[PDB]
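J.: Please see the structure below; I have some questions.
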Amino acid sequence: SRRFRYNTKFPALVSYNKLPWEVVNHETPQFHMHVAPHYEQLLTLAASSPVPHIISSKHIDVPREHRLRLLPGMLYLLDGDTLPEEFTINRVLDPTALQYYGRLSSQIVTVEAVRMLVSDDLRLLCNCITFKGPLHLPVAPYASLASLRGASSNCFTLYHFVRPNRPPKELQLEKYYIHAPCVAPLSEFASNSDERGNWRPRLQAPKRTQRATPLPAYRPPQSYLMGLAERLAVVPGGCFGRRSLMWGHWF
Amino acid sequence: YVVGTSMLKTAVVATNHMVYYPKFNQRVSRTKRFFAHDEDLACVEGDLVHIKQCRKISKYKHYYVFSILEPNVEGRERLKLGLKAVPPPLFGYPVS
Amino acid sequence: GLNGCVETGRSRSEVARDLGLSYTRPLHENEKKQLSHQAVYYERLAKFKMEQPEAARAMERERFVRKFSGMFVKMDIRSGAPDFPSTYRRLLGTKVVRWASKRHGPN
Amino acid sequence: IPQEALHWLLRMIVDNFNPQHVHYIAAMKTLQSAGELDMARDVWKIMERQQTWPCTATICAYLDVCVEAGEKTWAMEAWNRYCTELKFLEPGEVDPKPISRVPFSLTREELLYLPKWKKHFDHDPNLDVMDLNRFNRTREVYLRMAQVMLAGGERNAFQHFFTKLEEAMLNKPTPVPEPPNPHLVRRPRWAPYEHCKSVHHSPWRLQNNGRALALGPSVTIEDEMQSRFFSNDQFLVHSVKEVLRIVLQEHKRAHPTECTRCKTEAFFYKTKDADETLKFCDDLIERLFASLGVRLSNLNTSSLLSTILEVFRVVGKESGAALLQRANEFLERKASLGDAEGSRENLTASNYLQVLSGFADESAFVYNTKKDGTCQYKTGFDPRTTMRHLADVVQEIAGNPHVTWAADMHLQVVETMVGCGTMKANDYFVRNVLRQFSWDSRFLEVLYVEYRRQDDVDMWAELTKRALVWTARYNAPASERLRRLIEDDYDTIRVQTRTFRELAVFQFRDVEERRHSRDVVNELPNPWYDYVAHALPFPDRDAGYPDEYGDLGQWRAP
Amino acid sequence: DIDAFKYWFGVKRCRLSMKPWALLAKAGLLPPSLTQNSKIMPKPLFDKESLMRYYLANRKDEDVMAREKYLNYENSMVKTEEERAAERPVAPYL
Amino acid sequence: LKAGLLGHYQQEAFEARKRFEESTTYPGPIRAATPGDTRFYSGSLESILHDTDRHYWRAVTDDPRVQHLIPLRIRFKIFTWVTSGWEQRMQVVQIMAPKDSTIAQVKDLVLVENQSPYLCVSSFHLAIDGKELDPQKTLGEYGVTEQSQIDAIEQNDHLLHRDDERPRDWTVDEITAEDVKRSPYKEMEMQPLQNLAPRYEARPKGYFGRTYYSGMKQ
Amino acid sequence: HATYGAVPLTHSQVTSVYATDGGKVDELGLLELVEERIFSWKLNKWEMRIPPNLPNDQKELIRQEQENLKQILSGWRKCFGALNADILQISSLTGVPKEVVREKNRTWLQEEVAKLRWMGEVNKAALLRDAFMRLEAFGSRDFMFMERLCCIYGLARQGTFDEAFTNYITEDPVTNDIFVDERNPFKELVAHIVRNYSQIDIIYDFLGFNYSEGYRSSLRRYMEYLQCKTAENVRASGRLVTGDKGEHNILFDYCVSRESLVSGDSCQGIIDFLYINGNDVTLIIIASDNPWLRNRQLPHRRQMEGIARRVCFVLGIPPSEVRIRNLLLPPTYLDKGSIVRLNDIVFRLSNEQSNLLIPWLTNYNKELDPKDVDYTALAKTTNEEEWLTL
Amino acid sequence: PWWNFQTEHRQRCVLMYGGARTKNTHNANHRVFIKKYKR
Amino acid sequence: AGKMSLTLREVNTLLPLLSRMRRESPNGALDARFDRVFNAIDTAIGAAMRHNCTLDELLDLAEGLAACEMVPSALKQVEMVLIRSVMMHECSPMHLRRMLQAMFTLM
RNA sequence: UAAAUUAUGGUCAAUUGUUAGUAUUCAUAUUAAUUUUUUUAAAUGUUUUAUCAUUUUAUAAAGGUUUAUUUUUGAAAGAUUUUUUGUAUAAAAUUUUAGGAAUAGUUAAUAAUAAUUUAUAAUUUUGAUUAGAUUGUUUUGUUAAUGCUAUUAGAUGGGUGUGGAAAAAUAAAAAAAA
């Protein structure tokens, strides 16, 4: 009788991607907030493991009709800065948006430029980032990034295709997220290193006469505190830790 | 007993219960009518059915026909003939 | 196919359906019409919506607005009661005049 | 607490419910996983006292409990009572038996002439045992019985069971595997609300959302099907692996001090019965190879190889390098067998872990022996050779990209570095496992010994404090052993390790408890605080009530 | 009702008012209340260093501590080797 | 209905059942049919989410959910980095393909257990000792068994068209567990569930207090 | 246990399945082993013994048969336990080895009871006396031997019990070696039974064990067997077996009374077998379980006269020495008295002659179930009747 | 002694309502019916 | 599960597919997996023999049953409705020959 | 038509206060009274917070009329975590009136959330609908009494759509985050 078919406890909800306050606009720094760490981890993975389809030819040439269906969510690296076809280029100059590549620019690779390429039909988007110089990370001989001339004429560019105005789930790179170890501290001990018998193992702790130097005398604060952080449910310093384990805060 | 089948996928079953009057030490049998549910239209008027309560199916339908204990052979044969399961009565309720 | 399943709780009808049998009374013309004109109206409505979408959009907007901007859309217990006029009798007459009677069925 | 599983099984009885074989299996499985083998046997005894004949899956669960507990008498009673009459599937036999019992129903005549107690249905598992046994698990039953007899020491019975099992699996077909039934849980069809916080929700650490495993596994797992989906020869490989596993657990049970790492100097040297144990295991492996022959080349043996490496590394104490050599020789033997040249497969993480553990055992030591602040190492220990071999192995594993590097592998690498005495274990930990893995505090239990050898006492202390801050920032609590290790050096480094609340409650509780024990009067029993009497819902005897009859002044009869 | 009190206090983790807490402390079922404070002894003063010194001076060992905790919270019917042998089945094995 | 006639009707039913058991004498071995499901659960209505389509306790596994399948092994050409560089090696994946599946279906299944982000990334074709297999040919027509060395040659294309629209755990029962991190053949499926809380009975039925006279049962 | 293709077995099929050759084995010892195996069971072991995929009528009949077997085995279990308890009691009271207690006599019992009563233990002496008197009636090492062996043969016939007597983990009593014992005492004992007792099926059906067909066919086979050993040129057919043309030794199985008798008809003559020996004629009828049909089953005097007259016409025997005897038998089994009387009047052979001719009749011990007095009275009257002579 | 079910009911009422079992309500109140309409 | 019901349009839609699978199977028959498919088609035929059915639908049903070599439990009702169709005006020799071929292939 | 058999050879009893439970006064009880007392005059301080805000704090009365209900998991309890997944919405059954009849935002079916559809629909003389009276209520009282009689637990579709839940304009107090 269309009223006694089911319960009403869990009704249909409006899709999460049709609410403006849930969709990330690509013209704001919040877009670059969501993607930068994925680029950092992808470059770290590419530096230490051969990932299959990350280094490629000029550009993935899919038909103009399948472009927006097959292309979005796809990522690839290329040697030298060359931009795809049929795109309008917008170079982001906003410091509030460029601040989010600081850990990418310093600890992985110096970033030359960041640009947003909007399709002529305004339905697909390409975040493309040009890096310069060699990697600040050690690159393995087998790592797929070691097959790039620009890394290790010295600039190479990453491209990441995504749909505009979608929730932050679009801006997710999960499959490029497997932690492969980088063997830096073991090569010296390995047989491949002639700096192999030069290290003297420490099997025993040295006999210690001195005790650890005492810390400077503890000075109680002199300002008005907000209360007990453990009581107010503030994690240590509001930064990290556990409410139960209070530390590094006042007292 | 199935009493009416004018509604689709629904059987009206007349059921009886007992009320007790201590003063007169009496056991008088009352009657109650229930909308049952038979999805395949297998109940004919005059069937002795076993009915069981369940979830609600309609505004007034919270029972179903668990089993037909004694079908109306005459009713089925009349329906084969193309008549009504039981000839309609000639008396009824007054209009005023 | 005349006895339901005591342990699974299946009715006579489900037992027969699982056995592959058919215990259906001979239907009259009006009953067969009831079982036949379910598809015709669906096809008519779907064809209407496919053929002239301006009027279909208008009618759908009317329905949606009339529902959304409607009172008693909470899906609380009062709205969820099956028989409002009989479950809530004291409301009728002196508070609610939608129903002029408190009994519409065997209950 | 684990007792609660047994309590909830008993509430089913007290509520006049008939627990099903699935309830019994679940209770036994949970209690065994919690380690309460006596409670598991109590569950079995409850089943028997209820007089429900066990499905073969219930038999298998009880036999697993018996295998782990090393009790052969339990399994022998179970065998004589139930497991006998079990047979392997024959070539002409029907693969799954047709369902026999028809669901309970009553006709119009039975509903009238039968009594209520006969018309009543209560889901009795005895009615359904035979339709539960539609699939042959006698293969599993025989494997479990062989394990039980081997653990109990009855080698003749072990040989009986194993020979019967192997000849059956060489000369008889595979039975159809029982598909998993998804009606045992009440999960929702889909997630009602899509929240999916980002992996990088925290600006401090990297979290693991419900969508993606975004931190790297904390434990290595084997990539294999379930025991029921194996072929006959595949399950024969599995049987050899499992009897080796039982040999291993019995060796560990017999010599608990030679199998726990860095506890006593006996850990370094193989015991007296190790040679006979290894001879038995190796002759069994050769028996497997001879029996299967060329067919073995098309059977996955990663788990068997991992078991072989573990049994040789624990019972046999062979070096990690020799362990890798044995693994490579086994893989090359398998590849060569089959006349299919120019194609050999690689080791997996499941056995790369075993070789790394062999290296870690090589480099292990006895910490703070005889209060001398000196760690006693194995005789003839060569840190440079061990480090060279480990570095080569790690480079090979990294060069192979199809190995997933769970956290335990990095743990063995770090432990080997610390034991070998190189001062780069902390650097490797920071670069490879700090931010990219969900690491426990055993890593820090090793890195603390690494730190203790620092030239500067202040460097030692600061490294300890930074390790604690890491425990805080990345959600890895500091374990009791790590905290005690750091406490034992409170005089030299004054690194506090106990909370200002924990120490106060310790003070008060401990002083009160010592005072209470030393007092004599309060040692007397207290019935009000000692126990609960009759936690059941109803009285244990009839107080006379109720009175099911009215009264003269009462008209409301029913 | 001591059995029901233990049920609701332990498994249901219900709350306890101070007046009932004081009344029950008289029965040996609970410790004296938090507000049953003697006017004479002032409240304690805690020092981390002294507390640490005491804890190190007499700290329990890992296994004894864990076994006391297990006996108190998780289980109390742990059978001896003698009881396991008694329960173990005998020669005929049927 | 008059209850006094219940005894007479019981006698009549007994005699009728005896006449039935005595006259027709046509029982026999009949295949039992799967009991299907019933829409008439008791209590109040259930929501869409929990409509798993079974409303009674059935402790058996009927035929429709049982499938006949063979444990095939599929070989892969993988390259490992040894000190020299890029040594060729072999990788295998365990697949449980139904006996009646086609080679295209087996390939599509292999696409689904390739959790490895490195193994099944480019279009490949199945072959036996080099001889490529017809993708619309049944396993029985090729005679392939578990002891059949079968290789996957990866043509160096890209953008392998995938459709995760079919859940890894799809049986005729149409269950959809959201987590697809492991195949049903690999999942143990019997383990303690920590995502829940055990709940005790906090609602006394009839007995609330000092004296258990009768317990106000019902 | 029950199997999808398991089925019940007939006598020929049982003999074919257990067709083994043996020369020497102690029936009593192997039977004791098999009975201890049975007694060392739980009630569960009797559970899944009905083969599935079998029609409901045969399924229910097998259920009655197996329940009867289980009840008889339990009764013998209780009797055996009580007998052993009395053995231990006598051995403890007297001090004699319990092994030699089974060969003592009333003189020894008297002397021991006198010693006990002299030592001042009157209650203990009474216990000893009661135990010995109760045990001299139940202590024979082969007490219900035929019943026990027929029960084992019924287990063999069921076809689902072959596998419950092996695959047991035992331990060597002396060396304490745990092993799996695969010897099948049930197989050996059933092979010996089939080899030796060529008409164990007849004994099993006579005892009332067969619920499917009863004992009528086995009775016909037994009667034909005795006819073949009593005549010297015997020709048999479907329903008629004849000896010589001068001795008038004819057996004729007329019909089946149980199925022939309809409950709503009025006819007085329905007989199972008709046997004429020389000048005498006998009508053997198995009394139907229905008391309201036994009366229509027993033929009338004038119908008996007509049968005699037709016999005289056909076989030319003078009407002078033609005499008919009507014979009634129990519905579902035979009594020992019934069998001896059947031999006495139908075949005119005495008790010693009967036991010489068939060995097992000597100790075939069966009694009329006291629960049915109607049959006892009717059979008493019919067997006490005189030869109707015309 | 043995108590009625009324004792159990009174116990339940006392426990739930805290001693409130009854009020000893006046029983002999003299009611009257006042007719408003015509005969 | 009873959440659906098939009419002759659905049954005629399905039957050709099952016949095609039959012809593509190594033997002539389908796996045991399709027992419930055929049982549902059987119950649908049995039920819809009571409603009002067109000549084309009946003919297609007969041809599908012939193709799938499936004899329904409502064979009697099907042949009765075929009798109630043979002598109609809409019936032509093409329809009659198809009906006779299907009935021969079945019976 | 059974016909009066000769052992009469065993008498000597009962009572010892010891209980298998509705018991009847047509006038004594039972009520307003012979014995009715005692007070009561409104105008009002919950709290913590980051401060013109935010967090915690869900059944007062009169009136109107009352089916015969309710475990929002959603807040708290509460813990080594984690869900606003921890099945709360249902049914059976018992009512009154000196002048006794019609009722309807209507019944079922439905690919129909939000019904352009289909049907010979549904309630009622086994007493409906409306109107009148009207919380229920083995608890009160009375009696030899399955009779008569009496009653106060509650609940509340337009006042914020907030909240886990409207129960929200008053709070003998159930102590409300040191």
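Following the order of the structure tokens, first chain is A, next is B, and so on, with residues numbered from 1 inside each chain and ligands from 1 in the order they appear.
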For region 37-53 of chain B, find every residue with an atom within 6 Å (counting only C-alpha atoms (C1' of nucleotides)), except residues of its own chain fewer than 5 positions away, and show them as an MDAnalysis selection string.
T.: (chainID B and resid 1:4 9:11 62:72) or (chainID C and resid 23:25)
J.: Write out as a PyMOL selection string which residues come within 9 Å of residue 22 (chain B) when counting only C-alpha atoms (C1' of nucleotides), dropping same-chain ones fewer than 3 positions away.
T.: (chain B and resi 25-27) or (chain D and resi 555-557) or (chain J and resi 146)
J.: Distance cut-off 9 Å, counting only C-alpha atoms - which residues of chain I neighbour chain F? Return them as a list in words.
T.: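 Result: residues 1, 2, 3, 32, 33, 34, 35 and 36 of chain I.
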J.: Those residues with C-alpha atoms, as a PDB file, in the first residue's frame please?
T.:
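The result, stored in result_27.pdb:
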```pdb
ATOM      1  CA  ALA I   1      11.996 -13.893  -2.500  1.00  0.00           C
ATOM      2  CA  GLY I   2       8.586 -12.770  -3.764  1.00  0.00           C
ATOM      3  CA  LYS I   3       9.615  -9.157  -4.344  1.00  0.00           C
ATOM      4  CA  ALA I  32      21.269 -26.520 -11.976  1.00  0.00           C
ATOM      5  CA  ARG I  33      21.654 -22.783 -11.307  1.00  0.00           C
ATOM      6  CA  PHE I  34      18.633 -22.081 -13.531  1.00  0.00           C
ATOM      7  CA  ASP I  35      16.202 -24.306 -11.626  1.00  0.00           C
ATOM      8  CA  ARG I  36      14.809 -21.243  -9.853  1.00  0.00           C
TER       9      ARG I  36
END
```
J.: With 7 Å as the cut-off and only C-alpha atoms counted, what is the closest atom pair between each nearby residue of chain F and chain G? Distances in Å to one decimal, ordered by chain and number, as JSON lines.
T.:
```
{"residue": "F:27", "atom": "CA", "partner": "G:55", "partner_atom": "CA", "distance": 5.3}
{"residue": "F:28", "atom": "CA", "partner": "G:55", "partner_atom": "CA", "distance": 4.3}
{"residue": "F:29", "atom": "CA", "partner": "G:53", "partner_atom": "CA", "distance": 4.8}
```
J.: Select, as a ChimeraX atom specification, those residues of chain E with any atom no more than 10 Å from chain G (distances computed using only C-alpha atoms).
T.: /E:91-94
J.: Neighbouring residues of residue 211 (chain A) were defined as those with any atom within 12 Å, considering only C-alpha atoms (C1' of nucleotides); residues of the same chain fewer than 4 positions away were excluded. Please report them as a PyMOL selection string.
T.: (chain A and resi 207+215) or (chain D and resi 456-461+489-495)
J.: Can you tell me which residues surround residue 45 (chain I) at a distance of at most 8 Å, considering only C-alpha atoms (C1' of nucleotides), apart from same-chain residues fewer than 2 positions away, and format the answer as a list in words?
T.: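 Non-adjacent residues within range: residues 7, 8, 11, 41, 42, 43, 47, 48, 49, 72 and 74 of chain I.
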J.: Please report, as JSON, numbers by chain, each residue of region 20-208 of chain F to which DSSP assigns helix (DSSP H, G or I) when run on this structure's backbone.
T.: {"F": [20, 21, 22, 23, 63, 64, 65, 103, 104, 105, 106, 107, 108, 109, 110, 111, 112, 113, 139, 140, 141, 142]}
J.: With C-alpha atoms retained, export the selected residues as a short mmCIF file (atom, residue, chain, number, x, y, z; two decimals), in the first residue's frame.
T.:
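Written file, out-v2.cif:
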```cif
data_model
loop_
_atom_site.label_atom_id
_atom_site.label_comp_id
_atom_site.auth_asym_id
_atom_site.auth_seq_id
_atom_site.Cartn_x
_atom_site.Cartn_y
_atom_site.Cartn_z
CA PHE F 20 -4.64 -41.25 3.08
CA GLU F 21 -1.52 -43.07 4.28
CA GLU F 22 -3.20 -46.39 3.42
CA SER F 23 -4.92 -45.85 0.07
CA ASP F 63 22.05 -25.28 -3.94
CA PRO F 64 21.69 -21.84 -5.63
CA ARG F 65 24.53 -20.34 -3.57
CA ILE F 103 38.41 -17.35 -21.02
CA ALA F 104 37.26 -13.73 -21.22
CA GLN F 105 35.48 -14.21 -17.89
CA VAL F 106 38.63 -15.75 -16.40
CA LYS F 107 40.64 -12.75 -17.60
CA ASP F 108 38.08 -10.38 -16.09
CA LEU F 109 38.26 -12.28 -12.81
CA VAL F 110 42.06 -12.04 -12.81
CA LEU F 111 41.63 -8.29 -13.23
CA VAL F 112 39.80 -8.35 -9.87
CA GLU F 113 42.30 -10.18 -7.62
CA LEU F 139 37.55 -23.76 -20.20
CA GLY F 140 36.26 -27.27 -20.88
CA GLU F 141 36.72 -26.83 -24.63
CA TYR F 142 40.41 -26.07 -24.03
#
```
J.: Within 6 Å of chain D, which residues of chain G come that close, and what is the closest atom pair and distance in Å for each? Count only C-alpha atoms and give it as a tab-separated table.
T.:
```
residue	atom	partner	partner_atom	distance
G:163	CA	D:85	CA	5.7
G:167	CA	D:84	CA	5.9
G:168	CA	D:80	CA	5.4
G:179	CA	D:157	CA	5.3
```
J.: Starting from chain C, keep only residues with some atom at most 6 Å from an atom of chain B, counting only C-alpha atoms, and report them as a compact mmCIF listing (two decimals) with N, CA and C atoms, in the first residue's frame.
T.:
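And here's iface.txt as it stands now:
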```txt
# COMPACT_ATOMS: atom_id res chain seq x y z
N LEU C 2 -1.43 -25.87 0.04
CA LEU C 2 -2.51 -25.38 0.89
C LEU C 2 -2.08 -25.15 2.33
N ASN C 3 -0.84 -25.48 2.68
CA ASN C 3 -0.33 -25.29 4.03
C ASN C 3 0.94 -24.47 3.99
N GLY C 4 0.99 -23.41 4.79
CA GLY C 4 2.21 -22.65 4.94
C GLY C 4 3.26 -23.43 5.69
N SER C 11 3.93 -18.30 3.99
CA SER C 11 2.50 -18.51 3.85
C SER C 11 2.23 -19.60 2.82
N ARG C 12 0.98 -20.06 2.80
CA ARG C 12 0.49 -20.93 1.75
C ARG C 12 0.98 -20.50 0.38
N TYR C 23 -2.44 -22.10 -7.41
CA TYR C 23 -3.78 -22.25 -6.86
C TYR C 23 -4.47 -20.89 -6.95
N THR C 24 -5.05 -20.58 -8.10
CA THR C 24 -5.70 -19.30 -8.31
C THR C 24 -7.13 -19.54 -8.77
N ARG C 25 -8.07 -18.85 -8.15
CA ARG C 25 -9.47 -19.01 -8.50
C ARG C 25 -9.72 -18.44 -9.89
N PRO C 26 -10.74 -18.94 -10.60
CA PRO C 26 -11.13 -18.29 -11.85
C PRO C 26 -11.55 -16.85 -11.61
N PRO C 82 -0.71 4.48 11.54
CA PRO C 82 -1.43 4.03 10.34
C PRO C 82 -2.80 4.67 10.19
```
J.: Pick from F:127, F:175, F:50, F:151: nearest to residue 91 (chain F), with only C-alpha atoms counted?
T.: F:151
J.: I need the contact residues of chain D against chain C, so if you could list those with any atom within 7 Å, counting only C-alpha atoms, and return them as a PyMOL selection string, that would help.
T.: chain D and resi 103-105+107+121
J.: One number please: CA of residue 437 (chain D) to CA of residue 407 (chain D), in Å, one decimal.
T.: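 Distance between the two atoms: 6.4 Å.
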J.: Taking only C-alpha atoms (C1' of nucleotides) into account and nothing else, which residues of chain A lie no more than 9 Å away from chain J? Please answer as a VMD selection string.
T.: chain A and resid 1 to 2 7
J.: Keeping only C-alpha atoms, write the selected residues as a compact mmCIF listing (two decimals), in the first residue's frame.
T.:
```
# COMPACT_ATOMS: atom_id res chain seq x y z
CA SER A 1 0.00 0.00 0.00
CA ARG A 2 3.05 2.20 -0.72
CA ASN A 7 10.16 1.84 7.39
```
J.: I'd like the interatomic distance between CA of residue 75 (chain A) and CA of residue 200 (chain D), to a tenth of an Å.
T.: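 Atom-to-atom, CA of residue 75 (chain A) and CA of residue 200 (chain D) are spaced 19.7 Å apart.
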J.: With a distance threshold of 9 Å and counting only C-alpha atoms, extract the residues of chain D near chain H and express them as a count of residues only.
T.: 6
J.: Leaving out region 198-213 of chain F and any residue of its chain fewer than 6 positions from it, which residues lie within 8 Å of it when counting only C-alpha atoms (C1' of nucleotides), given as a PDB file with N, CA, C and O atoms, in the first residue's frame?
T.:
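Output file result08.pdb is given in full below:
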```pdb
ATOM      1  N   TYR D 545       4.654 -19.667  45.745  1.00  0.00           N
ATOM      2  CA  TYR D 545       3.974 -18.833  44.773  1.00  0.00           C
ATOM      3  C   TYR D 545       4.342 -19.270  43.355  1.00  0.00           C
ATOM      4  O   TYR D 545       5.388 -19.888  43.141  1.00  0.00           O
ATOM      5  N   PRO D 546       3.497 -18.959  42.360  1.00  0.00           N
ATOM      6  CA  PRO D 546       2.236 -18.222  42.448  1.00  0.00           C
ATOM      7  C   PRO D 546       1.038 -19.090  42.803  1.00  0.00           C
ATOM      8  O   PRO D 546       1.151 -20.313  42.854  1.00  0.00           O
TER       9      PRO D 546
ATOM     10  N   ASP E   1      19.752  -5.014  48.346  1.00  0.00           N
ATOM     11  CA  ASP E   1      19.848  -6.070  47.340  1.00  0.00           C
ATOM     12  C   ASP E   1      21.269  -6.086  46.794  1.00  0.00           C
ATOM     13  O   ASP E   1      21.599  -5.340  45.872  1.00  0.00           O
ATOM     14  N   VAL E  11      28.235  -4.237  35.740  1.00  0.00           N
ATOM     15  CA  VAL E  11      28.025  -4.486  34.316  1.00  0.00           C
ATOM     16  C   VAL E  11      27.332  -3.300  33.655  1.00  0.00           C
ATOM     17  O   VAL E  11      27.554  -3.019  32.472  1.00  0.00           O
ATOM     18  N   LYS E  12      26.483  -2.590  34.398  1.00  0.00           N
ATOM     19  CA  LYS E  12      25.732  -1.479  33.832  1.00  0.00           C
ATOM     20  C   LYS E  12      26.395  -0.130  34.057  1.00  0.00           C
ATOM     21  O   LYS E  12      26.001   0.849  33.417  1.00  0.00           O
TER      22      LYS E  12
ATOM     23  N   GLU H   8       0.895  -8.547  46.107  1.00  0.00           N
ATOM     24  CA  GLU H   8       1.938  -8.308  45.114  1.00  0.00           C
ATOM     25  C   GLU H   8       1.684  -7.011  44.354  1.00  0.00           C
ATOM     26  O   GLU H   8       2.613  -6.230  44.110  1.00  0.00           O
ATOM     27  N   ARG H  12       4.053  -3.668  44.240  1.00  0.00           N
ATOM     28  CA  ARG H  12       4.515  -3.007  43.025  1.00  0.00           C
ATOM     29  C   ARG H  12       4.131  -1.533  43.026  1.00  0.00           C
ATOM     30  O   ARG H  12       4.948  -0.670  42.686  1.00  0.00           O
ATOM     31  N   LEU H  15       6.376   0.355  45.444  1.00  0.00           N
ATOM     32  CA  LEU H  15       7.729   0.536  44.933  1.00  0.00           C
ATOM     33  C   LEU H  15       7.782   1.594  43.842  1.00  0.00           C
ATOM     34  O   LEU H  15       8.661   2.461  43.868  1.00  0.00           O
TER      35      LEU H  15
END
```
J.: For chain A against chain C, which residues fall within 12 Å using only C-alpha atoms, given as a compact mmCIF listing (two decimals) with C-alpha atoms, in the first residue's frame?
T.:
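Result file selection_8.txt:
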```txt
# COMPACT_ATOMS: atom_id res chain seq x y z
CA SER A 1 0.00 0.00 0.00
CA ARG A 3 3.11 3.41 2.88
CA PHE A 4 3.61 0.02 4.56
CA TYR A 6 9.25 -0.27 4.38
CA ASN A 7 10.16 1.84 7.39
CA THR A 8 11.06 5.53 7.12
CA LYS A 9 14.13 5.57 9.39
CA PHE A 10 16.73 6.02 6.61
CA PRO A 11 15.28 8.20 3.84
```
J.: Per DSSP on the backbone, filter region 1-87 of chain B down to the residues in strand (DSSP E) and report them as a PyMOL selection string.
T.: chain B and resi 2-4+11-21+26-36+48-58+61-70
J.: I'd like the neighbourhood of residue 226 (chain G) as a ChimeraX atom specification, where a residue qualifies if any of its atoms comes within 9 Å (using only C-alpha atoms (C1' of nucleotides)), though same-chain residues fewer than 2 positions away should be ignored.
T.: /G:221-224,228-231,343,347,357-358
